[PDB]
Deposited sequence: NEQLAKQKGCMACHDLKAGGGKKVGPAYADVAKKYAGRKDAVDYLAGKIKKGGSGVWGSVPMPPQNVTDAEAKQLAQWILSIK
């Protein structure tokens, strides 16, 4: 349940409904028909992994050309 998921840190990366990982409602939809969904998901919860789910993209941002340049220059200075 949510209380267990919260205790174990899961909710830092997952929401119940549509964070970095897939929302649980979407995981449920994807694996609804899969006979061994519980065994499969239990293994994936314990082991982790990558690339099963498409990544969250970067949206366009509310910045002027000059702000974008300032931000690029600032990021390049983190070294």
query: Missing C-alpha runs, given along the deposited sequence, first residue counted as 1; finding: 19 to 22
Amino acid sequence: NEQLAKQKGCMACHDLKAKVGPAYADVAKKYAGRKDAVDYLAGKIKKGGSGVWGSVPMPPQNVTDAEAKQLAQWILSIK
From here on, numbers count along this sequence of modelled residues.
query: Third assignment of residue 1 from its chain's C-alpha B-factors; finding: lowest
query: For residue 71, the third of its chain into which the C-alpha B factor falls; finding: lowest
query: CA B-factor ranking of residue 45, expressed as a third of its chain; finding: lowest
query: Chain third (lowest, middle, highest) by recorded CA B-factor, residue given as residue 32; finding: highest
query: Residue 59 - which third its CA temperature factor falls in, relative to the rest of the chain; finding: middle
